[PDB]
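Enquirer: One structure, as C-alpha cells, below. Some questions next.
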Amino acid sequence: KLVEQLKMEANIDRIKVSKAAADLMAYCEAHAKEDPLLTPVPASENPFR
Amino acid sequence: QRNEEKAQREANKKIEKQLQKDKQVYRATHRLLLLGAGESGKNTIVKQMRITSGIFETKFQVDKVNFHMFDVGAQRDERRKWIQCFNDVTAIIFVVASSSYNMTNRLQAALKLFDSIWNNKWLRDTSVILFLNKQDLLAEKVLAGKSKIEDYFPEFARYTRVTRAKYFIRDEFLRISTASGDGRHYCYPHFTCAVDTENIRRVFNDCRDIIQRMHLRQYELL
Amino acid sequence: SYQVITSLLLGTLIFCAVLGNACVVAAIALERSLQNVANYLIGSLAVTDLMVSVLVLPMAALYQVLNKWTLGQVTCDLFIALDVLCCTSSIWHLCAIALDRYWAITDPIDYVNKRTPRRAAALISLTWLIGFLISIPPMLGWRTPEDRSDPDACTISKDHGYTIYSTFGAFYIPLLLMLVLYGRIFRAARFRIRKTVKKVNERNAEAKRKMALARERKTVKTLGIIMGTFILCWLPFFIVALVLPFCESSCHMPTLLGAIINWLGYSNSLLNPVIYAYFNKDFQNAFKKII
Amino acid sequence: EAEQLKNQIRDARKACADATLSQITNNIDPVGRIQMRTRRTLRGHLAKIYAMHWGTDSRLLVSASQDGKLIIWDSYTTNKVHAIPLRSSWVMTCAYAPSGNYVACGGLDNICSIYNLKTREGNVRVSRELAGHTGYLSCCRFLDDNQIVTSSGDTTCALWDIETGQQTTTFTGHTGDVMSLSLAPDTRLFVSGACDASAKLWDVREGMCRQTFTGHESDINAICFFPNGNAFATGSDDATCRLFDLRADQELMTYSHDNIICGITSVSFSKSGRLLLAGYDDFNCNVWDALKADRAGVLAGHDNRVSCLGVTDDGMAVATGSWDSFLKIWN
Ligand SMILES: CC(C)CCC[C@@H](C)[C@H]1CC[C@H]2[C@@H]3CC=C4C[C@@H](O)CC[C@]4(C)[C@H]3CC[C@]12C
Ligand SMILES: Cc1ccc(CNCC2(F)CCN(C(=O)c3ccc(F)c(Cl)c3)CC2)nc1
C-alpha cells in the first residue's frame, strides 16, 4: 500500500562507509584548529570574562 | 560606553520586578489536575466548576481561594512523556462514572487508569480528589435487578442495596491508594448526580484539608 | 590548673554552639530550597543564638573561670543587658515560631493569601522589641540605682520591681503562651488524625489504626521534645531568679548547683538548631550538598 | 511487497559496512579531558526550563519555561532584553529565528505561537498562531522569516507558511509522536526523532521521507546535525547516543558509558563537530569525543534535571537549561 512509497528508499546509492569514516575524520582533523571548545582559547579573546 | 548599558540594566530591573510580582501572584493560586475518560461524569464536574487545544483553563474563585483547573483529556495520546509538567499540582480530581461499567468493561479501564496514575512517580506526593458521578443512574440500574456491580467487580458478594453497592466501588478505588500505602495523602470520593451544588464546596474543603496536612507535616505534627 | 578542666569544657561548648549556628545561617543563605517564611524564622532564631554564642557566651565563660570581674570597672551591666537582650530574643523566637505554626495550621486560607515574608519580618521586629523593652530598664535603674553596687562581682540585677517584670516578660508569659498555642495545635492535629479515621481488611483497617496511632505518638513526641528542651533549659534559671531575690535573708545556693543553672539556661542557644533545624528533614537533605 | 522490501535495504546496509569509524580514527590520539567551567549563570525564570535556542548572532539567547514566560537573555553581560507574557503556560519548546527578528514557542496547547520582536511600537506582540496540529508541539525550528518546520505529538511533522498560516507541507511517515527536529546546515533537508525508535531524514522540497534510521532501542528525545551536514547525532531514553550518516545508512559511532543509566534529553555539536555535548537526566551534561567515544568530561552545575543544550554559532560557549530554573553558560 502506502508503505510501498515509504520503502522506495531501497534505490539509494549507499556509498562505502570507509569513505564516510574517512571524510568525517578528515573534517574533524581539518576543523580542530578552529574549535574553541576542543582546546580552551586564551582569556584575552574569550568574550565570557 | 556606559550610556547604552544603563538603559539595559534598568530594563533588566523592571523585568525582574515583573517576574517576581507574577510569581507572588501565582503562589496564592491553586493547582488542580483532572483525569478520567469522556464517558465519566467529567462534563458535569467541569460545567459546575466553570461557574481544540489539549489543555483548557477554567479559572475562578470560591471563598477567597483562587483555583486554576486543567482538564487534560483533550491531549489525544501518549500521556507518558509529558505528564511530568503536572507534578506540582496540589491534587488530582479523578472523575469516574460509577454507573458506567455496564455502559464493555469500562470500569476495569477506570481501575487500571487510577492504578497507573496513583503509583505515578511524578505524582506520588499528591492527593486525589476522587469522584463517583451520576450515582442516580447507578441506583436506577441496580433497581432494574440485573445491572449489579458484581458483573465487573466479581468480589462484591462479601461487601455490606444502593448504599451497599456504591461503597464497594468507592472502596476498591481506595485499594489502589491504600494497598500502595503512600502515607502522605489519601483518596476520597463524593457521590454526585447531575444537579448537586456541593461539588465546588467539597473541592474547596478538600484543598483546605490537604493544605492542613501539608502544614502539619512541615512542622511534623502529622 | 583547675581552670583548665573548666576552660576546656566551656570553650568546646562555645565552639560547638558557634558551629551549630553558623551551619544553619550559612545553609539557609546558600540554598534557595530552604528560603521560605518558616525557615526564615528558624534562621532568625539561629542568628540570635549565634549572637549569644559569640558575644555573651565566651565572655560569660571568661568571668566564670576567673571568678572575678576584671574586664571593666562597671562594664558588667552593659554586657548583662546584651545577655538579657539576646537570651529573651531567643526565648520569644520560639513564641513567634509557635504563632506562625498556629496561624498556618488553623487558618490555611490566610496562609495561601497573606503569609508573606513580611509576616516573618514583623514577628522578628516584635520579638526583638521584647528585648529592647526588657534589658533597658535596669540600665538606668528600675527606679533608682541604690543597692546593687559591688565591683568584685557581675550578677543579674535585683531590683524589687524588676525581679518581677523581667522574670514574667522573658519566660513566664512566653511559657504559658507556648503552652496554650501548642495545646491548641495539639488538639487540632489530634482531631485531624481522628478525622482521617472517622471520615475514612487487616491491611486496610489495621493499617489505618496503626498509622493513626503512629501519628498521635509522633506529634506528642515532637511537642514533648520541644517543650522538654524549653523547660529543662530555661525553667530552673527563671525560678531561681524569682524565688531567691525575695528571700535574700536566707539566700543560700551552692555554687556547684547554681553555676550549672546559668549554663543550662545558656545551652538553649546550642540546643535550638539541634531540634528546630538539624533534625528537620529539609536541612537533613540540604546538608548533603556540602561534603 | 513492502512488508519485506526492507530486506534489500538491510542487506545493502550490512554489505556496505567495510570500514567502521572506530576502526580507522586511531590516527588521532585522544584529545584529553576537557576542563569546561561555568562562566555565567542566569536566574530570571522561576519554574522548570523546558527549551532553549541560540541566535545566529552570538550575543542573545532565548529560553521557555512552564511558568508562562518567554525571555530573551544577554549572554555576555547577564541581562534581560525581553520577557513576554504567554497566553498558555504549558510550553515545552522554543526557537529563535536566524534573522534575529522572530521567536516561536509551543507545547501542550497544540499550537505554534510566533512572537515578533521588531514591532514598530517596540512592545513584543504575538504575530501568528499556527493551530493546525492535533498533538502536543514538541519541537520547532525556523528556516526564514516566513517559513518554519514544526514537530508535534500527533505523529506528524509539519511545514508552515507564516504569512498564510497554513500547513504547506506535511510529513506523515512516522508511526509514533516526534519530539526532536533540527535542520541541516544546507536548509533543504532535516531529520526528526520519535518514540518508535527511529530517525527519518525529510526532503523538504518534496515533502517525503528519504532515509529511515533504526538504531535506537527506545524513545528518541534529541537530535542535531553534524556541522558538515552529511551526519547527525541522536539522543534517546536507552541511555545511549548514536551518530548516523546520510550517505552511509549504518551507525558510524555509538556513545555509551557505564555510569549512564538515564536517558538523553538534549544533544548538540561544536563548531568542528569533534565535541558532542549531551544533557542527561542525571543532573549533568557530558562531553564526548565523537571519533573515539571518549567522554572528555562532565559539566554538572545543575541541581535539577537539565532539559536543553545549545552551542553558539561561533562555537565559543555552551548554554544549558535545567528544571531548577537556572541557565548556565559554559566555556
Ligand atoms: C553535656 C554538656 C557537654 C553540656 C551541657 C551541660 C553544661 C550546662 C555543663 C557541662 C560542663 C559544666 C561546667 C563544668 C565546670 C564548671 C566549673 C564550676 O565552677 C561549675 C560551673 C562550670 C562552669 C560548669 C557549668 C555548667 C556546664 C557548662
Ligand atoms: C530577662 C532575662 C534575664 C536574664 C536572662 C538569662 N541571662 C542569663 C544570666 F543568668 C547569665 C548571668 N547573668 C549576667 O548578667 C552575666 C554575668 C556575667 C557575665 F559575664 C555576663 Cl556576659 C552576664 C545573668 C543572666 N534571660 C532573660
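Ordered as shown in the C-alpha cells, chains take letters A, B, and onward, while each chain numbers its residues from 1 and ligands are numbered from 1 in the order shown.
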Fewer than 2 positions away in the same chain doesn't count, so skip those; otherwise give me all residues within 7 Å of residue 90 in chain D, counting only C-alpha atoms, as a ChimeraX atom specification.
Expert: /D:66,68,88,92,107-109
Enquirer: Just write the chosen residues, N, CA and C atoms, as a CSV table (one decimal), in the first residue's frame.
Expert:
chain,number,residue,atom,x,y,z
D,66,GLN,N,7.8,26.7,31.9
D,66,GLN,CA,6.4,26.3,32.1
D,66,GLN,C,5.7,27.3,33.0
D,68,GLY,N,4.8,30.2,32.0
D,68,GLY,CA,4.1,31.1,31.1
D,68,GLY,C,4.9,32.3,30.7
D,88,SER,N,-0.5,30.8,27.1
D,88,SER,CA,-0.6,29.4,27.7
D,88,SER,C,0.7,29.1,28.4
D,92,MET,N,6.8,23.7,26.0
D,92,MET,CA,7.9,22.8,26.1
D,92,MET,C,8.9,22.9,24.9
D,107,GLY,N,3.7,24.0,22.9
D,107,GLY,CA,3.6,23.0,23.9
D,107,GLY,C,2.3,22.2,23.9
D,108,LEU,N,1.8,22.0,25.1
D,108,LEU,CA,0.5,21.2,25.2
D,108,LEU,C,-0.7,21.8,24.6
D,109,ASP,N,-0.6,23.1,24.2
D,109,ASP,CA,-1.7,23.9,23.6
D,109,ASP,C,-1.9,23.5,22.2
Enquirer: Identify all chain C residues at most 12 Å from chain D by counting only C-alpha atoms; ligands do not count. Present them as a PyMOL selection string.
Expert: chain C and resi 31-33+286+289
Enquirer: Give the helix (DSSP H, G or I) residues of chain B, as assigned by DSSP on the backbone, as an MDAnalysis selection string.
Expert: chainID B and resid 3:27 42:49 83:86 106:118 135:142 149:151 156:158 162:180 199:218
Enquirer: Residues of chain B no more than 9 Å from chain C, counting only C-alpha atoms: send them over as an MDAnalysis selection string.
Expert: chainID B and resid 27:30 63:65 175 178:179 181 183 186:188 208:209 211:216 218:222
Enquirer: Assign secondary structure with DSSP using the backbone only, and return the residues of range 163-301 of chain D in strand (DSSP E) as a VMD selection string.
Expert: chain D and resid 166 to 171 178 to 183 189 to 194 199 to 203 208 to 213 220 to 225 231 to 236 241 to 245 251 to 255 264 to 269 275 to 280 285 to 289 294 to 298
Enquirer: As a PyMOL selection string, could you give me every residue of chain D near chain A (at most 9 Å apart, counting only C-alpha atoms)?
Expert: chain D and resi 1-3+5-6+8-9+12-13+16-22+24-25+28+31+34-36+39-40+75-77+173+208-212+228+230-231+245-250+252+270-275+290-291+314-318+329-331
Enquirer: For the contact check between chain C and ligand 2, emit one row per residue of chain C within 6 Å, containing the shortest atom pair and the distance in Å rounded to one decimal, counting only C-alpha atoms and all ligand atoms, chain then rising number order, as CSV.
Expert:
residue,atom,partner,partner_atom_place_in_ligand_line,distance
C:56,CA,ligand 2,22 (Cl),4.6
C:59,CA,ligand 2,20 (F),5.3
C:60,CA,ligand 2,20 (F),3.7
C:63,CA,ligand 2,20 (F),5.0
C:79,CA,ligand 2,22 (Cl),5.1
C:80,CA,ligand 2,15 (O),3.8
C:83,CA,ligand 2,7 (N),5.6
C:84,CA,ligand 2,3 (C),4.5
C:87,CA,ligand 2,26 (N),4.8
C:88,CA,ligand 2,27 (C),4.7
C:134,CA,ligand 2,1 (C),6.0
C:154,CA,ligand 2,18 (C),4.9
C:155,CA,ligand 2,17 (C),4.8
C:156,CA,ligand 2,24 (C),4.1
C:166,CA,ligand 2,1 (C),4.4
C:167,CA,ligand 2,1 (C),5.8
C:170,CA,ligand 2,1 (C),4.9
C:262,CA,ligand 2,10 (F),4.9
Enquirer: Limited to N, CA, C and O atoms, could you put the picked residues into a file as a compact mmCIF listing (two decimals), in the first residue's frame?
Expert:
# COMPACT_ATOMS: atom_id res chain seq x y z
N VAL C 56 28.07 36.77 74.14
CA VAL C 56 27.92 36.75 75.59
C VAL C 56 28.42 35.44 76.20
O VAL C 56 28.88 35.43 77.34
N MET C 59 32.52 35.36 76.91
CA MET C 59 32.85 36.27 78.00
C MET C 59 32.30 35.74 79.30
O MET C 59 32.98 35.74 80.32
N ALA C 60 31.05 35.30 79.27
CA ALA C 60 30.47 34.70 80.48
C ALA C 60 31.37 33.58 80.99
O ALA C 60 31.59 33.45 82.19
N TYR C 63 34.36 35.31 82.65
CA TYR C 63 34.06 35.74 84.01
C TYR C 63 33.97 34.55 84.96
O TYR C 63 34.43 34.62 86.10
N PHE C 79 27.08 44.38 79.41
CA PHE C 79 27.11 43.01 78.92
C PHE C 79 25.89 42.20 79.33
O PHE C 79 25.35 41.42 78.55
N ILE C 80 25.44 42.39 80.57
CA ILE C 80 24.28 41.65 81.05
C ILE C 80 23.08 42.05 80.20
O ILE C 80 22.26 41.21 79.85
N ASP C 83 23.36 40.26 77.21
CA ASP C 83 22.96 38.91 77.58
C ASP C 83 21.45 38.80 77.69
O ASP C 83 20.84 37.88 77.14
N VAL C 84 20.82 39.74 78.40
CA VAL C 84 19.37 39.72 78.56
C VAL C 84 18.68 39.89 77.22
O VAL C 84 17.73 39.16 76.89
N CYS C 87 19.19 36.65 75.07
CA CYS C 87 18.53 35.48 75.64
C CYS C 87 17.01 35.58 75.55
O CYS C 87 16.34 34.61 75.17
N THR C 88 16.44 36.75 75.87
CA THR C 88 14.99 36.86 75.77
C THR C 88 14.53 36.92 74.32
O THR C 88 13.41 36.50 74.01
N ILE C 134 12.87 44.82 77.75
CA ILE C 134 13.24 44.11 78.97
C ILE C 134 14.62 44.51 79.47
O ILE C 134 14.81 44.82 80.65
N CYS C 154 29.70 40.27 89.06
CA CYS C 154 28.90 40.60 87.87
C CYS C 154 27.71 39.64 87.85
O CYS C 154 27.80 38.54 87.30
N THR C 155 26.60 40.07 88.45
CA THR C 155 25.42 39.23 88.61
C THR C 155 24.20 39.94 88.04
O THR C 155 24.25 41.12 87.68
N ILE C 156 23.09 39.20 87.97
CA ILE C 156 21.83 39.76 87.49
C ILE C 156 21.33 40.82 88.48
O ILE C 156 21.62 40.77 89.68
N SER C 166 11.09 41.44 84.71
CA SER C 166 11.94 40.68 83.80
C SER C 166 11.57 39.20 83.79
O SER C 166 11.50 38.59 82.73
N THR C 167 11.34 38.62 84.97
CA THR C 167 11.07 37.18 85.01
C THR C 167 9.71 36.85 84.40
O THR C 167 9.53 35.76 83.87
N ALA C 170 10.09 37.77 80.22
CA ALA C 170 11.02 36.96 79.45
C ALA C 170 10.57 35.51 79.34
O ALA C 170 10.66 34.91 78.26
N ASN C 262 22.97 28.56 85.42
CA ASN C 262 23.24 29.62 84.45
C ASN C 262 23.56 29.04 83.07
O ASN C 262 23.00 29.45 82.05
Enquirer: Which one is closest to chain B: D:118, D:82, D:33, D:188? Count only C-alpha atoms.
Expert: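 Looking at the shortest contact to chain B, the residue is D:82.
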Enquirer: Counting only C-alpha atoms and all ligand atoms, what residues are within 6 Å of ligand 1, given as JSON, numbers by chain?
Expert: {"C": [6, 9, 10, 256, 259, 260, 263, 264]}
Enquirer: Please identify all residues of chain D having at least one atom at most 10 Å from any atom of chain B, considering only C-alpha atoms, and return them as a ChimeraX atom specification.
Expert: /D:43-48,50,66-69,71,73-74,77-85,88-92,107-111,131-136,138,153-155,176-177,195,219,221
Enquirer: List the neighbours of residue 245 in chain C out to 10 Å using only C-alpha atoms; skip same-chain residues closer than 5 positions along the sequence, and give me the result as a short mmCIF file (atom, residue, chain, number, x, y, z; two decimals) with C-alpha atoms, in the first residue's frame.
Expert:
data_model
loop_
_atom_site.label_atom_id
_atom_site.label_comp_id
_atom_site.auth_asym_id
_atom_site.auth_seq_id
_atom_site.Cartn_x
_atom_site.Cartn_y
_atom_site.Cartn_z
CA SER C 157 20.10 42.89 88.78
CA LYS C 158 17.94 42.55 91.91
CA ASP C 159 15.52 45.49 91.86
CA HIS C 160 12.17 44.97 93.55
CA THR C 163 12.81 40.90 89.56
CA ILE C 164 9.10 40.52 88.73
CA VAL C 240 15.77 30.70 90.86
CA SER C 250 18.41 33.22 103.69
CA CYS C 251 19.68 33.36 100.10
#
Enquirer: Would you kindly return, as a ChimeraX atom specification, each protein, DNA or RNA residue with an atom no farther than 7 Å from any atom of residue 117 in chain D, considering only C-alpha atoms and excluding same-chain residues fewer than 2 positions away?
Expert: /D:101-102,115,119,124
Enquirer: Need to verify the contact set: residue 3 in chain C, 10 Å, only C-alpha atoms, exclusion of same-chain residues closer than 2 positions in sequence. Can you return it as a PyMOL selection string?
Expert: chain C and resi 1+5-9+64-67
Enquirer: Write out as a PDB file with N, CA and C atoms, in the first residue's frame which residues come within 6 Å of range 159-162 of chain D when counting only C-alpha atoms, dropping same-chain ones fewer than 6 positions away.
Expert:
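Below is the file result27.pdb, written as the result:
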ATOM      1  N   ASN D 146       9.388  33.760   7.057  1.00  0.00           N
ATOM      2  CA  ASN D 146       8.051  33.361   6.636  1.00  0.00           C
ATOM      3  C   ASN D 146       7.977  31.862   6.369  1.00  0.00           C
ATOM      4  N   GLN D 147       8.824  31.082   7.032  1.00  0.00           N
ATOM      5  CA  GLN D 147       8.937  29.657   6.766  1.00  0.00           C
ATOM      6  C   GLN D 147       9.398  28.981   8.048  1.00  0.00           C
ATOM      7  N   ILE D 148       8.775  27.858   8.392  1.00  0.00           N
ATOM      8  CA  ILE D 148       9.028  27.228   9.683  1.00  0.00           C
ATOM      9  C   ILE D 148       8.588  25.774   9.609  1.00  0.00           C
ATOM     10  N   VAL D 149       9.380  24.896  10.219  1.00  0.00           N
ATOM     11  CA  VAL D 149       9.108  23.464  10.263  1.00  0.00           C
ATOM     12  C   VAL D 149       8.901  23.068  11.718  1.00  0.00           C
ATOM     13  N   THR D 168       1.662  24.034   4.909  1.00  0.00           N
ATOM     14  CA  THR D 168       2.003  23.931   3.492  1.00  0.00           C
ATOM     15  C   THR D 168       2.451  22.521   3.124  1.00  0.00           C
ATOM     16  N   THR D 169       3.282  21.906   3.960  1.00  0.00           N
ATOM     17  CA  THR D 169       3.779  20.561   3.713  1.00  0.00           C
ATOM     18  C   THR D 169       3.628  19.733   4.980  1.00  0.00           C
TER      19      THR D 169
END
Enquirer: So what do you get for CA of residue 33 in chain B versus CA of residue 177 in chain B, distance-wise?
Expert: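 Rounded to one decimal, the two atoms are 17.3 Å apart.
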Enquirer: Which residues are near residue 98 in chain B? Cut-off 10 Å, only C-alpha atoms, ignore same chain within fewer than 3 positions. Put them as an mmCIF file with C-alpha atoms, in the first residue's frame.
Expert:
data_model
loop_
_atom_site.group_PDB
_atom_site.id
_atom_site.type_symbol
_atom_site.label_atom_id
_atom_site.label_comp_id
_atom_site.auth_asym_id
_atom_site.auth_seq_id
_atom_site.Cartn_x
_atom_site.Cartn_y
_atom_site.Cartn_z
ATOM 1 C CA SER B 40 -17.264 9.554 33.007
ATOM 2 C CA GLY B 41 -19.013 12.381 34.839
ATOM 3 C CA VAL B 95 -13.763 11.616 37.896
ATOM 4 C CA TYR B 101 -19.436 -0.219 33.862
ATOM 5 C CA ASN B 102 -22.450 -1.794 32.147
ATOM 6 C CA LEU B 107 -14.943 0.336 34.922
ATOM 7 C CA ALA B 110 -11.076 3.154 35.096
ATOM 8 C CA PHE B 131 -15.482 11.384 42.212
ATOM 9 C CA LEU B 132 -18.138 8.744 41.507
ATOM 10 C CA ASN B 133 -20.540 10.901 39.500
ATOM 11 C CA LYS B 134 -24.110 10.027 38.424
ATOM 12 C CA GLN B 135 -24.884 7.713 41.321
ATOM 13 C CA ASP B 136 -28.571 8.162 40.429
ATOM 14 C CA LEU B 137 -28.121 6.173 37.227
ATOM 15 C CA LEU B 138 -26.334 3.522 39.295
ATOM 16 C CA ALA B 139 -29.381 3.351 41.568
ATOM 17 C CA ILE B 149 -21.748 -4.239 40.032
ATOM 18 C CA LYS B 166 -21.994 2.221 45.842
ATOM 19 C CA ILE B 169 -16.989 0.862 44.049
ATOM 20 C CA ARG B 170 -15.693 3.523 46.437
ATOM 21 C CA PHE B 191 -21.351 10.673 45.272
ATOM 22 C CA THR B 192 -22.947 13.244 42.959
#
Enquirer: Could you please determine the separation between CA of residue 135 in chain C and CA of residue 85 in chain C in Å, to one decimal place?
Expert: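 One can read the CA of residue 135 in chain C to CA of residue 85 in chain C distance as 5.6 Å.
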